[PDB]
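In: Got a sequence here, can you model it:
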Amino acid sequence: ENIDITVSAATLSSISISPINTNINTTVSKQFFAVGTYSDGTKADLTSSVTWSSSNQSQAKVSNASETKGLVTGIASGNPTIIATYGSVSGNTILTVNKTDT
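Out: Numbers count the residues shown, from 1 in each chain. Coordinates below:
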């Protein structure tokens, strides 16, 4: 029923992130939580605004778009550090990937 949510002006003042340290193996996605508070004095769960950037571009995958998912997936092994950037606040998430198969 609802569609197209126009905005006024990005006024990011403060943000809160609650990452989780979990291990993934044999194709597994980790579900994280991300919440942002507008300077206008409101609170909303937005994962599309938060920018996700990880070292390994191969395992650096995120499904942030649905709403407040923010989940991520890994393809290769190693310790890909998940760096989150949003306004004046940033987050961090650790994922354990042990890709044994090609």
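In: Tell me the span between the first and last residue of stretch 55-67.
Out: End-to-end distance for stretch 55-67: 24 Å, by C-alpha to C-alpha, to the nearest Å.
In: ranges for the strands of the protein?
Out: Shown for the chain, the strands assigned by DSSP state E span residues 12-18, 22-24, 29-30, 33-38, 42-44, 51-54, 61-62, 72-73, 81-86, 89-97.
In: Just put those strands in TSV and tack on distance to residue 6 and mean neighbour count.
Out: For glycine as for every other residue, the C-beta is placed from the backbone atoms N, C-alpha and C. Shown next, in TSV, are the strands of the chain (distance: least, C-beta to C-beta, whole Å; neighbours: other C-beta atoms under 10 Å):
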stretch	distance to residue 6	mean neighbour count
strand 12-18	17	15
strand 22-24	36	14
strand 29-30	31	18
strand 33-38	15	19
strand 42-44	15	10
strand 51-54	22	16
strand 61-62	25	18
strand 72-73	29	20
strand 81-86	20	18
strand 89-97	24	17
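In: Of the ones you listed, which is nearest residue 5?
Out: Nearest of these to residue 5, taken as C-beta to C-beta: strand 42-44 at 10.8 Å.
In: Which of the strands of the chain sits closest to residue 4?
Out: Counting by C-beta to C-beta, residue 4 lies closest to strand 42-44 out of those; the figure is 16.8 Å.
In: What helices and strands are in contact with the closest one?
Out: With contacts taken as 3 or more C-beta pairs under 8 Å, 6 or more residues apart in numbering; DSSP states H and E, strand 42-44 sits against strand 33-38.
In: which helices and strands does the strand it packs on pack with?
Out: strand 12-18, strand 42-44.
In: Contacts made by that strand with the rest, please.
Out: With contacts defined as C-beta atoms under 8 Å, 6 or more residues apart in numbering, strand 33-38 is touched by 11-20, 43-47, 49-50, 64, 68, 70, 84, 86-87, 91.
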